[PDB]
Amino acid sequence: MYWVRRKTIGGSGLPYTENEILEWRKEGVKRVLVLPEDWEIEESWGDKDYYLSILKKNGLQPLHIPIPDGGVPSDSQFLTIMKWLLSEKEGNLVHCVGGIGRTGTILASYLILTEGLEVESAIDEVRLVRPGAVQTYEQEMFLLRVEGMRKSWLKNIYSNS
């Protein structure tokens, strides 16, 4: 498990045991954004809902937003992901299977939106703590798009009464 921004947001891969989840908790993790697909989760936990209850049972609030390996969230999923990540700033953990491609993409996107980083700085930032972050061209293209639509994303994320 790694932090991109000390105790505010970090990433990791799929936990194998419950002890590994308790390790997250000791690290400061409080909320978990789950990105792998049901079948990926099931490889280590048998059932997706059982995995989510385990996170909830260990005091972590989970949010499942399934993204296909090598892929990126749909625009609607990204809105949900960002509303979730921005609702509470402390102890956010984002994980996929290996915590490199998918996780790295979401993490870089977070930096872009919250710090106004240019796509390349955001990628280098994540790669410095997680080598290989942002695996595919689709993920890289997505990040440039996020920077380009930054103002629009923030506006939509905070549309309120």
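Residue positions are given as counts along the sequence shown, with the first one as 1.
The stretch with the higher mean CA B factor, choosing between 25-33 and 106-114, is 25-33. A summary of the deposited B-factors shows that, of 91-99 and 128-136, the stretch with the larger mean C-alpha value is 128-136.
Ranked against the other modelled residues of its chain, the C-alpha B-factor of residue 152 as given in the entry falls in the middle third. When all modelled residues of the chain are sorted by CA temperature factor, residue 40 is found within the lowest third. When all modelled residues of the chain are sorted by CA temperature factor, residue 79 is found within the middle third. Remark: residue 119 belongs to the middle third of its chain, ranked by C-alpha B-factor as recorded.
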